[PDB]
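Take a look at the structure set out below.
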Amino acid sequence: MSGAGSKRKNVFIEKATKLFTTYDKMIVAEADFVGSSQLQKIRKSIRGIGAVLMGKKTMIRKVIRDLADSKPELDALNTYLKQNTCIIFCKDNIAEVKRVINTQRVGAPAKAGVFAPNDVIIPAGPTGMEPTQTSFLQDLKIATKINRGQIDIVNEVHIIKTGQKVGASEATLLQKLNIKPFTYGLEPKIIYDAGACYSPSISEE
Amino acid sequence: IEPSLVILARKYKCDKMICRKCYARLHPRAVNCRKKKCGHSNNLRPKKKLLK
Amino acid sequence: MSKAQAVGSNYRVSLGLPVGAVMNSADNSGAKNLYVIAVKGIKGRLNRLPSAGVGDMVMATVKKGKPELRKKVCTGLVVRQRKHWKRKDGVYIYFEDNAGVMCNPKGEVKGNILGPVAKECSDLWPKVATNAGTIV
Amino acid sequence: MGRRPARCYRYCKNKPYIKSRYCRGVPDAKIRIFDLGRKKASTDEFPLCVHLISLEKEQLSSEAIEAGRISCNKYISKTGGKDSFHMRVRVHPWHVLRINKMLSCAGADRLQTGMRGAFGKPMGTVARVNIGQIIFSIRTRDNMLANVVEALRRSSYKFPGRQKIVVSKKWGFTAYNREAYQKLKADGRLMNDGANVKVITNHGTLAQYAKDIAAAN
Amino acid sequence: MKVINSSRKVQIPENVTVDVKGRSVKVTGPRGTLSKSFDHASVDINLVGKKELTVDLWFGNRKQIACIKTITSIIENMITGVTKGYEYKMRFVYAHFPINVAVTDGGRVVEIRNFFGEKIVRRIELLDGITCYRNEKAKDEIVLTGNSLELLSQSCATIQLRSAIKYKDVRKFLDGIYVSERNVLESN
RNA sequence: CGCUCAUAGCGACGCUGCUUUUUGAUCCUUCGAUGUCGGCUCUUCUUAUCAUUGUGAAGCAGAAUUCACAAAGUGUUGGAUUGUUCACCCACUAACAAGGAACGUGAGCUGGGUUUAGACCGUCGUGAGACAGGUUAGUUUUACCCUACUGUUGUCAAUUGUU
RNA sequence: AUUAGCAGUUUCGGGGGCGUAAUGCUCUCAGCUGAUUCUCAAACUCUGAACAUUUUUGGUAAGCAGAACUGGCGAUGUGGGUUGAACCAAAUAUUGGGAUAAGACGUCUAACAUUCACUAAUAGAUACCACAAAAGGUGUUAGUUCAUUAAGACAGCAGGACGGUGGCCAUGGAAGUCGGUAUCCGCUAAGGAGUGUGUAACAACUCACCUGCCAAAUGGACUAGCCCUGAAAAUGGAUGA
């Protein structure tokens with residue numbers, strides 16, 4: 001029916017509306033790749049100053065709280081209808097929350113079909129290819145060229161962003177080699193206010 | 001490279017549910033035989049793995 | 001068993017010794033006779049006696065000899081037969097007597113063969129060929 | 001049976017024939033045990049009654065019954081313990097089967113043995129059920145309306161004919177429902193022996209409540 | 001039964017042109033021309049303009065209803081093939097004898113001499129329209145290409161099934177030519 | 001049970017069928033007479049497939065074996081003992097699977113047995129005699145009719161006018 | 001004829017336990033008694049009605065043997081059931097017309113129209129009567145009940161699947177994952193002291209669990225219709241064709 005099932009949804013409703021008017025400043029972060037080992041270090045620094053509270057697509061159950069506050073949900077930057085989000089709350093440290101969130105990032109190779117971070121460089125050249133792994137390249141339908149004395153498909157630039165799925169072959173290549181394209185964890189989309197947006201601008205530092 | 005090949009081989013030969021009242025080779029998600037001798041049935045077991 | 005021959009098997013050489021055929025042992029062993037029990041490679045019919053031409057392996061028993069061999073079904077080879085047969089040559093050969101030899105199940109004659117050995121037999125079994133005095 | 005196909009005595013035919021002073025020679029029944037699990041447990045513990053009723057009118061054999069009960073007894077340890085089961089079976093094999101044997105089974109005769117005095121010697125027993133008779137009751141906790149259901153399913157295969165299975169609306173081995181039983185319990189009108197409620201009357205008990213009311217549940 | 005079906009629509013890109021006459025379509029694209037018939041009852045199969053082809057079914061049984069979707073899918077496939085062709089990469093493998101494959105585009109045929117040490121030259125003609133080409137990555141693959149998926153897949157299947165020893169244990173050997181990448185399409 | 005693992009293969013305690021290749025049950029037909037048994041010979045049919053063909057399972061590595069399906073298209077033996085079907089052995093074989101047709105087949109045979117009269121023995125019986133005990137000797141009649149089949153003429157009495 | 005616990009005896013018949021020990025005290029345990037409970041009957045009964053079909057005994061059964069009632073057959077055709085001693089309609093002097101009965105009404109074959117589902121089988125198609133079952137089916141048809149869902153369900157695809165900690169047991173080695181017992185807390189949207197693959201054991205992979213994308217229904221356990229499996233036999237072949 002509604003407000004039922006295994007590990008109830010109604011319970012989560014209480015967290016996502018009643019504790020959404022008990023903090024000064026907020027930051028809408030992106031969690032589409034960070035793990036639990038990486039994330040529990042950002043549930044100590046953030047937990048001490050405020051919290052990380054979101055039931056996930058429970059912003060449409062916030063409309064009772066928007067009677068007084070008038071909060072943007074689809075109106076702010078990123079409509080949140082293509083990517084997962086986890087809202088960061090803070091009241092003690094409103095200045096020292098935007099950068100310590102980015103300090104706990106950990107770099108690693110890409111995955112098969114992942115949404116992926118902002119920056120994703122594919123391995124290429126002498127360092128980014130092995131001589132034994134040319135077979136794989138040959139297998140692919142895309143063209144292979146001899147650049148810098150090494151057989152490679154040649155691409156060392158950004159071809160995908162946040163909310164664009166990486167190719168399988170590319171992912172495989174990344175995994176095989178020791179190339180880590182970018183350091184990622186909880187990445188802020190925008191800074192967020194109570195009933196408004198404080199800064200509609202990305203801050204990865 | 002070589003393991004990939006092996007897995008491919010397995011895919012079409014070894015990983016298939018193999019019925020019971022029938023011995024028809026089906027497919028890993030099977031819950032029937034598609035044989036009007038078997039009577040479709042719901043006795044599907046996996047096809048066994050290699051042993052020396 | 002074995003047979004390893006040659007490369008066909010001949011070029012058949014006529015029924016001559018049905019079963020219950022007594023023949024000469026023609027070999028340095030205790031045996032004088034060889035009563036033919038049956039012939040190897042005889043799929044039946046319905047009232048048809050298994051028969052051995054030449055170079056047929058023949059399960060046999062020694063009717064008359066020394067008693068160390070007797071009362072014992074044993075493998076042998078028909079080495080010449082009185083019943084004539086046509087060869088490739090064109091000519092029909094026949095021999096003075098029906099005769100066999102003693103052998104292993106694989107076709108290994110351990111004695112040396114007395115009398116003519118018949119070319120077909122020689123062609124078939126290598127050991128037999130080796131131990132022949134006369135193949136003609 | 002072991003001697004014959006049970007399809008010989010599949011259906012109820014002839015008048016009931018029982019171990020008596022007129023039929024003393026009968027062999028002993030295959031089941032001499034109508035027990036399963038903790039029988040000492042109170043009816044107030046186990047509130048769920050899963051039956052098995054024979055959907056057909058038939059002669060359901062002693063052997064068959066035996067087979068059934070052990071199937072349930074081999075679906076006691078794999079799921080739960082013995083302290084969630086109770087069973088009085090509710091179908092004894094009272095009827096006894098006559099078997100007129102013949103000498104020439106492998107031998108021969110020119111109709112010498114025959115039917116010249118055809119009476120059958122007692123050999124075997126059987127329980128004569130109907131289309132709505134209970135052939136296995138399981139009293140149990142409310143945490144097993146799957147496992148005793150599946151025990152009884154197993155039993156069903158041991159028996160001739162189609163076999164319905166039902167979860168009752170009563171406390172097992174008692175006339176009262178769960179809405180009525182509970183009411184009684186609340187009121188103090190209920191009273192327990194050991195595995196059977198007595199229930200306190202008002203017709204017999206006009207003014208003698210000094211024993212019934214003392215031991216109310 | 002007899003519920004009244006809705007439409008099933010399939011998009012048409014402006015690269016191709018889809019004809020239809022007597023419940024039997026013909027896609028025409030840059031790559032070539034595929035044709036297919038569909039025979040059913042009250043199956044109105046029409047063109048909206050040159051952007052949507054619609055398949056309908058007035059009062060369908062469940063069986064009847066099911067086939068509509070299939071039809072739609074098949075026409076979609078055709079559309080795909082005639083604008084950007086299907087490519088099936090087949091990898092071949094055995095753990096000792098090197099399996100000798102070589103293509104003949106004149107005959108339009110693959111031939112396989114060795115595979116289990118079988119001295120036969122195991123060959124079969126590829127289906128009409130489709131071709132293979134000897135692509136190398138370490139002497140491991142052959143890549144079939146075509147317009148029609150239906151034909152292409154059949155071709156692949158034929159050389160898969162043939163390439164397999166049919167005596168004793170199936171798990172012990174890896175002998176065969178198997179389809180690895182089938183979802184890929186030739187680049188334009 | 002199968003080291004593990006209910007169902008690779010088996011499968012208790014139970015239950016449900018089928019077949020008429022067992023023996024009974026019965027007495028419906030036949031007692032003014034349907035020649036009993038086995039064998040030889042010959043044909044056809046059945047599938048509940050032993051082998052061979054194509055397949056699929058397996059505790060299928062290989063070889064070997066076991067399990068199942070489509071399949072009755074083709075095969076499925078020589079012998080010692082016994083009247084024996086049955087039985088048991090020897091030898092071959094790819095295999096030497098099971099069955100039906102008035103328990104296929106006596107104007108087809110044989111007559112070894114059963115199965116008349118002679119006779120011997122054993123046990124029984126006072127005896128005549130008995131024996132579902134053993135032994136030995138003991139008539140196998142008729143097709144030329146009808147159909148069926150094998151072949152052979154001949155009429156398509158317009159073989160389409162005749163040859 | 002038979003099943004079960006329970007109460008009061010309980011010291012007793014016997015085992016112990018209880019104060020150093022007792023026909024002294026209480027248990028399981030037998031026996032006695034009481035109130036409940038399961039089932040029970042041709043040869044029990046308080047009570048107690050109204051060849052065929054029905055009643056009915058022997059028999060595993062029979063187209064077997066034997067009874068009761070009624071109706072047939074025999075003694076009897078006719079119409080129907082393809083065919084038929086007994087079934088159904090219905091009784092038989094000789095005819096005509098009429099209208100019916102059972103039963104039929106594609107064609108054989110006298111007789112048709114309209115209309116709603118069901119059957120996807122080589123099925124199925126006139127009771128007696130020429131067969132068929134237990135048990136199976138994500139075949140379809142309808143139905144029952146329960147649960148989930150705009151709090152983002154269902155399906156797919158994607159992300160995560162952590163700390164105490166390799167808990168405590170045991171041991172070449174068992175570190176979530178041969179096996180024994182407890183099975184809690186932190187941090188969380190959420191993550192079993194863990195569902196298998198794997199490893200001397202790990203690692204690695206996988207699942208429960210949670211969530212993104214998409215966008216309206218979805219999941220299940222039963223029920224009973226037809227249909228399929230179950231379903232093998234001998235001349236060629238029988239819904240009569």
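Chain lettering (A, B, ...) mirrors the order of the structure tokens, residue numbering begins at 1 for each chain separately, and ligand numbering begins at 1 in order of display.
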
Within 8 Å of residue 33 in chain B using only C-alpha atoms (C1' of nucleotides), minus same-chain residues under 5 positions, as a VMD selection string = chain B and resid 19 22 24 26 38 to 42 44

Keeping only N, CA and C atoms, write the selected residues to a file as a PDB file, in the first residue's frame.
ATOM      1  N   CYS B  19      17.515 -30.301 -17.235  1.00  0.00           N
ATOM      2  CA  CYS B  19      16.269 -31.050 -17.024  1.00  0.00           C
ATOM      3  C   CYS B  19      16.473 -32.303 -16.176  1.00  0.00           C
ATOM      4  N   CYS B  22      13.986 -36.219 -18.965  1.00  0.00           N
ATOM      5  CA  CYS B  22      14.162 -35.759 -20.340  1.00  0.00           C
ATOM      6  C   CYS B  22      15.608 -35.649 -20.778  1.00  0.00           C
ATOM      7  N   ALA B  24      16.992 -32.782 -21.563  1.00  0.00           N
ATOM      8  CA  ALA B  24      17.127 -31.693 -22.520  1.00  0.00           C
ATOM      9  C   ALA B  24      18.011 -30.613 -21.928  1.00  0.00           C
ATOM     10  N   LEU B  26      18.785 -26.927 -21.522  1.00  0.00           N
ATOM     11  CA  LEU B  26      18.021 -25.674 -21.605  1.00  0.00           C
ATOM     12  C   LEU B  26      18.937 -24.445 -21.521  1.00  0.00           C
ATOM     13  N   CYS B  38       8.767 -34.488 -22.094  1.00  0.00           N
ATOM     14  CA  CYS B  38       9.053 -34.134 -20.696  1.00  0.00           C
ATOM     15  C   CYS B  38       7.826 -33.672 -19.907  1.00  0.00           C
ATOM     16  N   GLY B  39       6.874 -33.052 -20.603  1.00  0.00           N
ATOM     17  CA  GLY B  39       5.695 -32.461 -19.980  1.00  0.00           C
ATOM     18  C   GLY B  39       6.058 -31.147 -19.326  1.00  0.00           C
ATOM     19  N   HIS B  40       6.991 -30.425 -19.951  1.00  0.00           N
ATOM     20  CA  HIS B  40       7.563 -29.175 -19.434  1.00  0.00           C
ATOM     21  C   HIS B  40       8.283 -29.315 -18.098  1.00  0.00           C
ATOM     22  N   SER B  41       7.542 -29.685 -17.058  1.00  0.00           N
ATOM     23  CA  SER B  41       8.108 -30.042 -15.758  1.00  0.00           C
ATOM     24  C   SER B  41       8.803 -28.874 -15.068  1.00  0.00           C
ATOM     25  N   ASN B  42       9.181 -29.121 -13.829  1.00  0.00           N
ATOM     26  CA  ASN B  42       9.925 -28.169 -13.052  1.00  0.00           C
ATOM     27  C   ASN B  42      11.020 -28.915 -12.291  1.00  0.00           C
ATOM     28  N   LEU B  44      14.541 -29.217 -13.001  1.00  0.00           N
ATOM     29  CA  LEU B  44      15.720 -28.741 -13.686  1.00  0.00           C
ATOM     30  C   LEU B  44      16.835 -28.816 -12.681  1.00  0.00           C
TER      31      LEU B  44
END

Compute the set of chain G residues within 12 Å of chain D, using only C-alpha atoms (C1' of nucleotides), and express it as a PyMOL selection string.
-> chain G and resi 1-7+35-44+56-61+64-65+133-135+221-222

Within 8 Å of chain F, which residues of chain E are there when counting only C-alpha atoms (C1' of nucleotides)? Please give them as a list in words.
-> residues 168, 169 and 172 of chain E

Show me which bits of chain F are within 10 Å of chain D, counting only C-alpha atoms (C1' of nucleotides), as a ChimeraX atom specification.
-> /F:13-17,22-26,132

Apply DSSP to the backbone of this structure and, from range 3-186 of chain E, keep only the residues in strand (DSSP E or B); write these as a compact mmCIF listing (two decimals) with N, CA, C and O atoms, in the first residue's frame.
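So selection_8.txt came out as:
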# COMPACT_ATOMS: atom_id res chain seq x y z
N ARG E 8 1.78 -0.70 -31.80
CA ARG E 8 3.21 -0.73 -31.52
C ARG E 8 3.84 0.11 -32.61
O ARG E 8 3.63 -0.16 -33.80
N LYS E 9 4.58 1.14 -32.21
CA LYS E 9 5.25 2.03 -33.15
C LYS E 9 6.74 1.75 -33.18
O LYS E 9 7.32 1.34 -32.17
N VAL E 10 7.35 1.98 -34.34
CA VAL E 10 8.80 1.95 -34.48
C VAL E 10 9.24 3.23 -35.18
O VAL E 10 8.66 3.62 -36.20
N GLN E 11 10.24 3.91 -34.61
CA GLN E 11 10.80 5.12 -35.21
C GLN E 11 11.54 4.79 -36.51
O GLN E 11 12.10 3.70 -36.66
N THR E 17 14.27 4.78 -45.92
CA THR E 17 12.91 4.88 -46.42
C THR E 17 12.27 3.51 -46.28
O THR E 17 12.80 2.52 -46.80
N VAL E 18 11.13 3.44 -45.59
CA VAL E 18 10.40 2.19 -45.39
C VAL E 18 9.18 2.16 -46.29
O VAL E 18 8.29 3.00 -46.17
N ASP E 19 9.14 1.18 -47.20
CA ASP E 19 7.94 0.88 -47.97
C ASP E 19 7.14 -0.20 -47.27
O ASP E 19 7.65 -0.90 -46.39
N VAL E 20 5.88 -0.34 -47.67
CA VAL E 20 5.00 -1.37 -47.16
C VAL E 20 3.83 -1.58 -48.12
O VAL E 20 3.21 -0.62 -48.56
N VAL E 25 6.78 -5.49 -45.48
CA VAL E 25 7.60 -4.27 -45.53
C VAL E 25 8.84 -4.39 -46.42
O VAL E 25 9.23 -5.49 -46.82
N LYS E 26 9.43 -3.23 -46.72
CA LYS E 26 10.73 -3.14 -47.38
C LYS E 26 11.46 -1.90 -46.89
O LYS E 26 11.13 -0.78 -47.30
N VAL E 27 12.43 -2.07 -46.00
CA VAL E 27 13.32 -0.97 -45.65
C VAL E 27 14.33 -0.81 -46.79
O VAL E 27 14.78 -1.80 -47.36
N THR E 28 14.64 0.44 -47.11
CA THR E 28 15.72 0.77 -48.03
C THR E 28 16.57 1.83 -47.34
O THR E 28 16.05 2.84 -46.87
N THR E 33 19.11 -3.05 -49.01
CA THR E 33 17.65 -3.20 -49.03
C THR E 33 17.27 -4.56 -48.44
O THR E 33 17.59 -5.60 -49.01
N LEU E 34 16.59 -4.53 -47.29
CA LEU E 34 16.05 -5.73 -46.67
C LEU E 34 14.55 -5.78 -46.89
O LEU E 34 13.88 -4.75 -46.91
N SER E 35 14.03 -7.00 -47.06
CA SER E 35 12.60 -7.23 -47.27
C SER E 35 12.14 -8.38 -46.38
O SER E 35 12.90 -9.32 -46.12
N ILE E 45 -0.60 -2.66 -40.69
CA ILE E 45 0.80 -2.27 -40.57
C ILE E 45 1.03 -1.10 -41.52
O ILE E 45 1.15 -1.28 -42.74
N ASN E 46 1.04 0.12 -40.97
CA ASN E 46 0.96 1.35 -41.77
C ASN E 46 2.11 2.32 -41.50
O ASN E 46 2.88 2.14 -40.57
N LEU E 47 2.19 3.34 -42.36
CA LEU E 47 3.15 4.43 -42.21
C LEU E 47 2.41 5.69 -41.78
O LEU E 47 1.39 6.06 -42.38
N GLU E 52 7.32 7.40 -38.37
CA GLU E 52 6.78 6.29 -37.59
C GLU E 52 6.05 5.28 -38.46
O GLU E 52 5.20 5.65 -39.27
N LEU E 53 6.43 4.01 -38.31
CA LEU E 53 5.68 2.89 -38.85
C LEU E 53 4.93 2.29 -37.68
O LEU E 53 5.52 2.03 -36.63
N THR E 54 3.63 2.06 -37.87
CA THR E 54 2.74 1.54 -36.83
C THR E 54 2.26 0.13 -37.17
O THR E 54 1.95 -0.16 -38.33
N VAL E 55 2.21 -0.72 -36.15
CA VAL E 55 1.64 -2.06 -36.26
C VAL E 55 0.46 -2.11 -35.29
O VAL E 55 0.60 -1.70 -34.13
N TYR E 86 25.03 -4.87 -38.82
CA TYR E 86 25.40 -5.73 -37.71
C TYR E 86 26.77 -6.35 -37.94
O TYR E 86 27.14 -6.65 -39.08
N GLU E 87 27.51 -6.53 -36.85
CA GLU E 87 28.85 -7.10 -36.86
C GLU E 87 28.93 -8.12 -35.72
O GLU E 87 28.73 -7.76 -34.56
N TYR E 88 29.19 -9.38 -36.07
CA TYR E 88 29.38 -10.45 -35.08
C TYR E 88 30.85 -10.87 -35.08
O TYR E 88 31.33 -11.44 -36.06
N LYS E 89 31.56 -10.58 -33.99
CA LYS E 89 32.93 -11.06 -33.80
C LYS E 89 32.91 -12.44 -33.18
O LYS E 89 32.37 -12.63 -32.08
N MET E 90 33.49 -13.41 -33.87
CA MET E 90 33.55 -14.79 -33.42
C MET E 90 34.98 -15.17 -33.09
O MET E 90 35.86 -15.07 -33.94
N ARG E 91 35.19 -15.61 -31.85
CA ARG E 91 36.50 -16.10 -31.41
C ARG E 91 36.49 -17.61 -31.46
O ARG E 91 35.49 -18.24 -31.14
N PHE E 92 37.62 -18.18 -31.87
CA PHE E 92 37.78 -19.63 -31.94
C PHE E 92 38.87 -20.09 -31.00
O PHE E 92 39.87 -19.40 -30.81
N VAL E 93 38.66 -21.26 -30.41
CA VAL E 93 39.53 -21.76 -29.37
C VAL E 93 39.60 -23.28 -29.31
O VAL E 93 38.59 -23.96 -29.39
N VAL E 101 41.40 -21.42 -39.80
CA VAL E 101 40.25 -20.82 -40.47
C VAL E 101 40.74 -19.88 -41.56
O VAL E 101 41.70 -19.14 -41.36
N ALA E 102 40.08 -19.92 -42.72
CA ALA E 102 40.38 -18.98 -43.80
C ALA E 102 39.15 -18.72 -44.67
O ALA E 102 38.46 -19.66 -45.08
N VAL E 103 38.92 -17.45 -44.96
CA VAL E 103 37.71 -16.98 -45.63
C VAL E 103 37.94 -16.95 -47.14
O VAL E 103 39.08 -16.77 -47.60
N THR E 104 36.86 -17.13 -47.89
CA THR E 104 36.86 -16.98 -49.34
C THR E 104 35.64 -16.14 -49.72
O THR E 104 34.52 -16.65 -49.79
N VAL E 109 32.29 -17.77 -48.20
CA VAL E 109 32.37 -18.99 -47.40
C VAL E 109 33.58 -19.00 -46.47
O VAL E 109 34.65 -18.49 -46.82
N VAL E 110 33.40 -19.58 -45.29
CA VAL E 110 34.48 -19.85 -44.36
C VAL E 110 34.79 -21.34 -44.46
O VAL E 110 33.88 -22.16 -44.62
N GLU E 111 36.08 -21.68 -44.39
CA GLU E 111 36.54 -23.07 -44.36
C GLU E 111 37.44 -23.28 -43.15
O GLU E 111 38.27 -22.42 -42.85
N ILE E 112 37.28 -24.41 -42.48
CA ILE E 112 38.07 -24.77 -41.30
C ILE E 112 38.68 -26.15 -41.51
O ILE E 112 37.95 -27.16 -41.50
N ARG E 122 36.10 -28.54 -43.08
CA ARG E 122 34.73 -28.26 -42.68
C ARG E 122 34.36 -26.84 -43.11
O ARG E 122 34.89 -25.87 -42.58
N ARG E 123 33.46 -26.74 -44.09
CA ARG E 123 33.05 -25.46 -44.67
C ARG E 123 31.54 -25.35 -44.78
O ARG E 123 30.85 -26.37 -44.91
N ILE E 124 31.04 -24.12 -44.73
CA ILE E 124 29.63 -23.85 -45.04
C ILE E 124 29.46 -22.44 -45.58
O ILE E 124 30.09 -21.49 -45.11
N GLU E 125 28.56 -22.32 -46.56
CA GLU E 125 28.33 -21.06 -47.26
C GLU E 125 27.61 -20.10 -46.33
O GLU E 125 26.67 -20.48 -45.64
N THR E 131 28.82 -11.19 -45.21
CA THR E 131 30.18 -11.63 -45.49
C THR E 131 31.01 -11.69 -44.22
O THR E 131 30.69 -11.05 -43.22
N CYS E 132 32.08 -12.48 -44.28
CA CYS E 132 33.12 -12.47 -43.26
C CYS E 132 34.37 -11.86 -43.85
O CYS E 132 34.53 -11.82 -45.07
N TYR E 133 35.25 -11.39 -42.97
CA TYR E 133 36.59 -10.96 -43.37
C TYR E 133 37.60 -11.36 -42.31
O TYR E 133 37.34 -11.27 -41.11
N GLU E 141 40.42 -14.58 -34.08
CA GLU E 141 39.03 -14.22 -34.39
C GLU E 141 38.69 -14.27 -35.88
O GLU E 141 39.58 -14.30 -36.73
N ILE E 142 37.39 -14.31 -36.16
CA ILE E 142 36.85 -13.94 -37.46
C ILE E 142 35.64 -13.05 -37.22
O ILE E 142 34.85 -13.32 -36.32
N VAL E 143 35.49 -12.00 -38.01
CA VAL E 143 34.41 -11.03 -37.81
C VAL E 143 33.44 -11.10 -38.97
O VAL E 143 33.79 -10.73 -40.10
N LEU E 144 32.23 -11.59 -38.71
CA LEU E 144 31.18 -11.58 -39.71
C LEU E 144 30.48 -10.23 -39.66
O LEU E 144 30.37 -9.62 -38.59
N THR E 145 30.02 -9.78 -40.82
CA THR E 145 29.35 -8.49 -40.97
C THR E 145 28.16 -8.67 -41.91
O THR E 145 28.19 -9.51 -42.80
N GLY E 146 27.11 -7.87 -41.71
CA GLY E 146 25.96 -7.94 -42.60
C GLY E 146 24.92 -6.86 -42.43
O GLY E 146 25.00 -6.03 -41.52
N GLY E 176 35.86 -25.05 -30.74
CA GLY E 176 34.78 -24.38 -31.45
C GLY E 176 35.09 -22.95 -31.82
O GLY E 176 36.06 -22.36 -31.36
N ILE E 177 34.23 -22.41 -32.69
CA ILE E 177 34.23 -21.01 -33.05
C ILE E 177 32.93 -20.45 -32.51
O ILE E 177 31.86 -20.84 -32.95
N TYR E 178 33.04 -19.54 -31.55
CA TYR E 178 31.89 -19.03 -30.81
C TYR E 178 31.76 -17.53 -31.00
O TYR E 178 32.75 -16.83 -31.20
N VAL E 179 30.53 -17.05 -30.89
CA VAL E 179 30.23 -15.63 -31.01
C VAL E 179 30.59 -14.93 -29.71
O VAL E 179 30.04 -15.25 -28.65
N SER E 180 31.53 -13.99 -29.79
CA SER E 180 31.92 -13.18 -28.64
C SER E 180 31.09 -11.90 -28.56
O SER E 180 30.20 -11.79 -27.72
N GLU E 181 31.36 -10.95 -29.46
CA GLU E 181 30.64 -9.68 -29.50
C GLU E 181 29.62 -9.76 -30.61
O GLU E 181 29.98 -9.91 -31.77
N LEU E 185 27.98 -2.98 -33.82
CA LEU E 185 27.56 -2.65 -35.19
C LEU E 185 28.74 -2.01 -35.91
O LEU E 185 29.56 -1.35 -35.28

For residue 55 in chain G, work out the shell of residues within 12 Å, counting only C-alpha atoms (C1' of nucleotides) and skipping chain neighbours fewer than 4 positions away, then give it as a PDB file with C-alpha atoms (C1' of nucleotides), in the first residue's frame.
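File result19.pdb, as written:
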ATOM      1  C1'   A G  67     -29.683 -63.672  -3.072  1.00  0.00           C
ATOM      2  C1'   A G  68     -33.914 -59.204  -2.680  1.00  0.00           C
ATOM      3  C1'   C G  69     -37.235 -55.519  -5.330  1.00  0.00           C
ATOM      4  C1'   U G  70     -38.734 -53.834  -9.979  1.00  0.00           C
TER       5        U G  70
END

Find the residues near residue 18 in chain B: any atom within 7 Å, counting only C-alpha atoms (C1' of nucleotides), skip ones fewer than 2 places away on the same chain, and give them as a PyMOL selection string.
-> chain B and resi 16+20+23-26+44-47

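Backbone DSSP over chain C gives alpha helix (DSSP H) for residues 119, 120, 121, 122, 123, 124, 126, 127, 128, 129, 130 and 131 of chain C.
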
Wanna dump the chain F-chain C contacts at 12 Å for me, each residue with its shortest atom pair and the distance in Å to one decimal, counting only C-alpha atoms (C1' of nucleotides), ordered by chain and number, as JSON lines?
{"residue": "F:40", "atom": "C1'", "partner": "C:47", "partner_atom": "CA", "distance": 10.9}
{"residue": "F:41", "atom": "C1'", "partner": "C:46", "partner_atom": "CA", "distance": 11.8}
{"residue": "F:75", "atom": "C1'", "partner": "C:45", "partner_atom": "CA", "distance": 10.2}
{"residue": "F:76", "atom": "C1'", "partner": "C:44", "partner_atom": "CA", "distance": 9.5}
{"residue": "F:77", "atom": "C1'", "partner": "C:44", "partner_atom": "CA", "distance": 3.9}
{"residue": "F:78", "atom": "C1'", "partner": "C:49", "partner_atom": "CA", "distance": 6.1}
{"residue": "F:79", "atom": "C1'", "partner": "C:37", "partner_atom": "CA", "distance": 8.8}
{"residue": "F:80", "atom": "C1'", "partner": "C:37", "partner_atom": "CA", "distance": 11.7}
{"residue": "F:90", "atom": "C1'", "partner": "C:73", "partner_atom": "CA", "distance": 9.1}
{"residue": "F:91", "atom": "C1'", "partner": "C:38", "partner_atom": "CA", "distance": 6.2}
{"residue": "F:92", "atom": "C1'", "partner": "C:42", "partner_atom": "CA", "distance": 6.0}
{"residue": "F:93", "atom": "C1'", "partner": "C:43", "partner_atom": "CA", "distance": 5.4}
{"residue": "F:94", "atom": "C1'", "partner": "C:43", "partner_atom": "CA", "distance": 9.4}
{"residue": "F:95", "atom": "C1'", "partner": "C:43", "partner_atom": "CA", "distance": 9.9}
{"residue": "F:96", "atom": "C1'", "partner": "C:43", "partner_atom": "CA", "distance": 9.1}

Shortest interatomic distance to chain G - which of E:139, E:63, E:56, E:160, counting only C-alpha atoms (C1' of nucleotides) | E:63

Compile the contact shell of residue 63 in chain C as a ChimeraX atom specification: residues with an atom at most 10 Å away, counting only C-alpha atoms (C1' of nucleotides), same-chain residues fewer than 5 positions apart removed.
-> /C:22-23,31-36,69-72

Residues of chain E within 8 Å of chain A: nearest atom pair and distance (Å, one decimal) for each, counting only C-alpha atoms, sorted by chain and number, as CSV?
residue,atom,partner,partner_atom,distance
E:136,CA,A:138,CA,7.2
E:137,CA,A:135,CA,4.9
E:138,CA,A:135,CA,6.3
E:141,CA,A:139,CA,7.9
E:186,CA,A:141,CA,7.6
E:187,CA,A:141,CA,7.8

Near chain E, which residues of chain G fall within 12 Å when you count only C-alpha atoms (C1' of nucleotides), and what do they look like as JSON, numbers by chain?
-> {"G": [117, 118, 120, 139, 140, 141, 142]}
